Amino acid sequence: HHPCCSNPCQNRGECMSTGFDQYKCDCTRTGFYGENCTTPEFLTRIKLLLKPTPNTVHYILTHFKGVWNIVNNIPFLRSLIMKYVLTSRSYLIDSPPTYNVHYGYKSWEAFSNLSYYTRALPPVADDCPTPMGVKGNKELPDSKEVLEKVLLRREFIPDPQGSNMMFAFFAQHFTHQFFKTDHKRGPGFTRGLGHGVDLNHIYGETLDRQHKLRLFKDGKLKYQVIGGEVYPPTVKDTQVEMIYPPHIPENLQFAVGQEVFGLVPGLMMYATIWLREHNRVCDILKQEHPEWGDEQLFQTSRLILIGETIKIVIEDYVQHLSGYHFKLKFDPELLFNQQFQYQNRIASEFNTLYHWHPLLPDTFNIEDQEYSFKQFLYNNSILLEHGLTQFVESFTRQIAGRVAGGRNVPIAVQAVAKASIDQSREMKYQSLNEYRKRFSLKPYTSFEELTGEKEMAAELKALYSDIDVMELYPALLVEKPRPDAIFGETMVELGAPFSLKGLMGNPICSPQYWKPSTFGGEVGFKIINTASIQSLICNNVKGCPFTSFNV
């Protein structure tokens, strides 16, 4: 078996076979040396005793509301802090990217082939003696047992942070531009070849789909008017392929950039809101530039919408998820004198950790109705019946589920939850503890320490035996949450570097792009820098209902 199977190399050191049964660790720039990269250099030892733990940092950022209130009002100070949040998080991501499901060593194939998700840790080699390497039993516990014992919802557990359905649907719509598993090829492959925030879920992944969605007048997207309301055009009108089961009537097959977005009326609500936003931006641009043509109106609006998206995601979405009293800021200039790579490759494990199915409620409650999963799925009649204003007002009020803490996956999606476990193993993911060490976190020393509780911990001990072979995905969903929080530490500490990297990595954030003329002048540039989830709804939904990401 591969001499690296036991993952001997510590502290981001890299393992290489040097014979059939010997390895060498490459400790370059890790700040450690010795056979396994565990002897700290003097200056490292100094950093290690002065580094606060992630839990300490969390405490600080979630208390002293009064101090943060002052901090938030000193632009100089707010910038300093926001800069440090960006730099520290991004240093954890390999960029240019390295490994993928087929390459546990760096290769040109893994670097150059955009069809793969990248990998933050290399796969476990095919010939290892146990699924996690050398530890644990020959087989991992039946995934149906893991799912049933510690993942499936008994009573609905509401998110104590107050996340609503506007938030759950925003997360689903936004992340589905960059998590687009290519099932013809397997779970380690993506169809999102732009690998980030390019708004392909609005404009289409390829030029051909974009051209069928565009009106070719005024920079606009095609649309239809139903009952005086603007909605996406149909499949029949556009020839844009969409995934619909065969019983969907032609007039109900809306066409949008992402072909799975007809699956869910919460996804279509966002699709329709963003299509309106693009056309509203074209209108403002045409007023600023009566000399411009359609192609430039269209491309400039798309750049403006990419900036609006990043800005909302940082200052509304991540803000709300963080629970911080510090006010996060979208400001590309904070990086202009730092070392930072303006590029991103989507990581398989970032896709895995975003499988937030416990966020889903037991029913979808719009106005006086409570729809089951079966009535909601595929059913865009519900959208037309109630209308966008009612959808916003209903979803803003309805609470989502807690994600960490265990037993909160709705039964309606049990096959999806089981697939995440199975596919993690097909992709030969290393263990939870290897992933915690990869992200500068202490390994968990027991199931009880992971869960913070006794009963789920004891079920997992019986299922897995050894904490060091506990798997990443189920651990994210059973992990002890922060006090009154939606997530536990592992979710935050992996999720935040992948997220900030992907947001800031965008070329629009680069110094040659981040200038008013990129966006058609100061008016277009202000649209980005003042965008918000409330303004997005206010500008594009009749009556301008109030909204946010909390109930």
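Here, rigid core means the biggest group of C-alpha atoms that superpose within 1.5 Å across both forms. When you see a residue number, it is the position in the sequence shown, counting from 1.
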**OP:** Name the stretch, 328-336 or 86-94, whose C-alpha atoms sit farther from the shown form on average in 6 other deposited structures of this protein, taking the rigid core as the superposition reference.
**Re:** 86-94
**OP:** Could you check the entry and say whether 485-493 or 516-524 has the higher mean CA B-factor?
**Re:** 485-493
Original post:
Per the PDB record, is the mean Cα temperature factor higher over 122-130 or over 304-312?
Top reply: 122-130
Subject >> Largest Cα B-factor, entry values, listed residues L432, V225, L215, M166 >> reply: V225
**OP:** For the C-alpha B-factor as written in the entry, point me to the maximum among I284, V101, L267, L86.
**Re:** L86
**OP:** Could you tell me which third, lowest, middle or highest, the C-alpha B-factor of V403 occupies within its chain?
**Re:** middle
Original post:
Considering only modelled residues of the same chain, in which third does the CA B-factor of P511 rank: lowest, middle or highest?
Top reply: lowest
Original post:
Going by the entry, which third of its chain does the Cα temperature factor of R438 land in?
Top reply: middle
Subject >> For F340, the third of its chain into which the C-alpha B factor falls >> reply: middle
**OP:** State the tercile, meaning the lowest, middle or highest third, of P8 with respect to the CA B-factors recorded for its chain.
**Re:** highest
